[PDB]
Amino acid sequence: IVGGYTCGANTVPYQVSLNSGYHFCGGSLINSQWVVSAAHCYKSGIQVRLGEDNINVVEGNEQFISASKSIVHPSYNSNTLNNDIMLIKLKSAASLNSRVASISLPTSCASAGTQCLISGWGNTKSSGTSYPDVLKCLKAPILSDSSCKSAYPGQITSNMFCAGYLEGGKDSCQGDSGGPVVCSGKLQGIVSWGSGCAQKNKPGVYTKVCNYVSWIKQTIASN
Ligand SMILES: [Ca+2]
């Protein structure tokens, strides 16, 4: 997260860290046994880390649970990042509490102008690299589809939305991948891609979760 703020320990209780010996992606806990992340975060041997603030210090509220199954969206296109969404089933159900909690799926899509919370342990610099150990937060509006398509001609599908600031300086970044965009208490986005980070006229592009609720629900019901 570039230009964000320190969330505060466990203030984003649905935020997960995907760990393969190191943090490599974020995710969102959507029920006690399922995590949603980005398909471009797919790899084998994922441990899901819940209740994290400092990902380098055991602080007392963590739950470390291995993934038993990962399901990349059937139409994920890694070249275009269309349908950049994946489900991860935990080997055992997480213990839900005030600091580890699921985030609700949307019943409707959020409109441009809605303010959302984006969070992650990604890079905090737009040039160079500095990775924080504690969770960073960014409040950002959803941008209109027209401004989104104008920033990224030919690259925005109906399964994507832009959020952020056309003036730059505030954005998600590498390592925030797969993490949540939460608007009015609902998971509306997944950190997916962007041109660099926090660059002028290059807002973040997010997977449009409301388009996948039926797939998510059907998949969880049968797996
Ligand atoms: Ca920790």
Side-chain angles (χ1 to χ4, degrees), residues 1 14-31 33-50 65-91 102-106 109-110 116 118-123 142 145 148 152 154-164 171-183 186-197 202-223:
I1 302 286
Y14 50 82
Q15 171 86 45
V16 310
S17 166
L18 303 182
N19 183 286
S20 57
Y22 49 85
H23 167 85
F24 69 90
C25 271
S28 303
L29 188 68
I30 58 172
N31 64 32
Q33 255 196 312
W34 286 91
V35 167
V36 74
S37 183
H40 80 262
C41 292
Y42 165 78
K43 63 168 73 176
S44 49
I46 296 182
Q47 189 186 61
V48 174
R49 299 197 158 199
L50 313 171
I65 308 178
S66 291
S68 62
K69 181 190 283 188
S70 298
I71 303 168
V72 171
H73 190 275
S75 295
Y76 172 58
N77 183 326
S78 62
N79 292 324
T80 63
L81 296 178
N82 196 28
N83 305 296
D84 191 11
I85 184 165
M86 160 189 72
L87 288 170
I88 300 165
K89 188 183 189 180
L90 305 182
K91 280 201 326 86
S102 54
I103 184 66
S104 292
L105 289 171
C109 304
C116 308
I118 308 166
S119 49
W121 289 277
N123 197 1
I142 295 175
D145 292 320
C148 191
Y152 296 103
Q155 303 156 250
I156 303 303
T157 72
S158 59
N159 300 311
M160 299 171 188
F161 65 90
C162 286
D171 196 4
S172 54
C173 200
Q174 213 257 12
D176 295 319
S177 283
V181 182
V182 166
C183 325
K186 311 286 185 183
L187 182 71
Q188 291 284 0
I190 299 169
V191 181
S192 183
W193 61 277
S195 190
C197 302
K202 293 292 174 176
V205 186
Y206 298 91
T207 307
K208 192 174 181 168
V209 173
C210 60
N211 287 359
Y212 299 97
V213 169
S214 294
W215 173 74
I216 291 171
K217 290 182 172 183
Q218 299 179 9
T219 298
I220 289 176
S222 305
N223 286 276

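FYI, the numbering just counts along the sequence from 1.
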With sequence neighbours excluded, what pairs up with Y14 under the ring pair (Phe, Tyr, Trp, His ring centres under 6.0 Å) test?
->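 For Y14, no residue satisfies ring pair (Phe, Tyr, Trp, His ring centres under 6.0 Å) once neighbours in sequence are set aside.
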Under the ring pair (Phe, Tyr, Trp, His ring centres under 6.0 Å) rule, collect the residues that match up with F24, sequence neighbours excluded.
->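 Listed in chain order: nothing, the list is empty.
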Would you call [X] and [Y] a side-chain contact if the rule is heavy atoms closer than 4.5 Å?
X: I190; Y: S37; answer: no
X: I65; Y: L50; answer: yes
X: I220; Y: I30; answer: yes
X: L87; Y: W34; answer: yes
X: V205; Y: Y152; answer: yes
X: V48; Y: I88; answer: yes
X: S177; Y: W193; answer: no
X: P106; Y: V213; answer: yes

Under 3.5 Å, is there a donor-acceptor pair between the [X] and [Y] side chains?
X: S172; Y: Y206; value: yes
X: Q15; Y: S119; value: yes
X: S68; Y: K89; value: no

Results of side chain to side chain donor-acceptor pair (under 3.5 Å) for [X] - residues two or more places apart only:
X: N223; result: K69
X: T207; result: none
X: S192; result: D84
X: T157; result: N82

Between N19 and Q47, is there a donor-acceptor pair closer than 3.5 Å when you use the side chain of the first and the backbone of the second?
->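 Looks like no, no N/O pair under 3.5 Å.
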side-chain contact (heavy atoms from CB on, under 4.5 Å) partner of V209, chosen from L105, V181, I103 =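 In the set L105, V181, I103, the residue that makes a side-chain contact (heavy atoms from CB on, under 4.5 Å) with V209 is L105.
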Find the distance between [atom1] ([X]) and [atom2] ([Y]) and round it off to the nearest 0.5 Å.
X: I46; Y: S20; atom1: CD1; atom2: OG; answer: 7.5 Å
X: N83; Y: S75; atom1: CG; atom2: OG; answer: 5.0 Å
X: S102; Y: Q33; atom1: OG; atom2: CD; answer: 12.5 Å
X: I85; Y: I71; atom1: CD1; atom2: CD1; answer: 11.5 Å
X: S195; Y: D171; atom1: OG; atom2: CG; answer: 10.0 Å
X: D145; Y: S158; atom1: CG; atom2: OG; answer: 9.5 Å

Around atom NZ of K43, are there more than 12 heavy atoms of other residues, nucleotides or ligands at under 6.0 Å?
->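 It does: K43 NZ has more than 12 such atoms within range.
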Whether over 12 other heavy atoms sit under 6.0 Å from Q155 CD |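 Yes, CD of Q155 has more than 12 neighbouring heavy atoms, counting only those of other groups under 6.0 Å.
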What pairs with [X] under side chain to side chain contact (heavy atoms under 4.5 Å, CB included), at least two apart in sequence or on another chain?
X: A110; value: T114, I142, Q188
X: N123; value: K125, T129, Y131, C173
X: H23; value: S17, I55, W121
X: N211; value: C109, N159, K208

